[PDB]
Each structure stands twice: as structure tokens, then as C-alpha cells.
């Protein structure tokens, strides 16, 4: 429905399905459809060098997860609009859900992810 919630669900559905022992979504050229370009370029650099920030997956904020369970339990809350930036809470998993905050911006007709936040204290 062209909403930021829908853009979030789509992205993660696609993400988890391209996160395996054979491929990783950041390596996929389709990542630029969902994530802002400069955010991709920065994350690729991060991953190739020191590795993923805080040593967890940047998009999912975990090291490890059951692909099947998460794929069936992606739960979004309605976005909070902070100016032109939509902040979408997303919960993963059927038990003890992981919570992330997805930041999106309108680029052309689309919502593009520009940042993803965990709920951890200031590091």
C-alpha cells in the first residue's frame, strides 16, 4: 500500500530469504531498492573491515536466529512520523521478540531505509 510499514515488511521478508549460508542481502544488488545508497556503501565498508557495527547484524540486531520462525513472525507497529522521516518499530520472532527501529525516507515514489536502531542503552 506504498506505506512505510509495507516497505518495512517487504524489506525484511526479502532480507531473511536472502540471508543464508550461500548469500547475504548486503551483497545483493537488490539491496539498493530498499536501503538508501550511502547507507549501503557505508555498511559494505563496515562489514568488509571491522565487520558489522556492535558485532551484530545491522538490520536484525542479532548474531543468530531461526530463519523460519522469524520469517513467520515479523510484526510492525504503525510508524511514528518525525518530519519527513518515518520510524517503524519491528518485532521478530514468536518468543522473546527482538525489537528494532526502522528509519525510512521518501526517495522518489518509494520509502528507503536510512538507518536501523536497536533498543540497547547508549554505547
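Numbering follows the first chain given and starts at 1.
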- Mean C-alpha temperature factor, higher of 24 to 32 and 59 to 67: 24 to 32
- Item | Residue stretch of maximal mean CA temperature factor, 74 to 82 vs 50 to 58 | 74 to 82
- Item | Residue with maximal Cα B-factor (values as given in the PDB entry) among 9, 100, 109, 113 | 109
- Item | Ranked C-alpha temperature factor of residue 45 among modelled chain residues, by third | lowest
- How does residue 91 rank on Cα B-factor within its chain, lowest, middle or highest third? middle
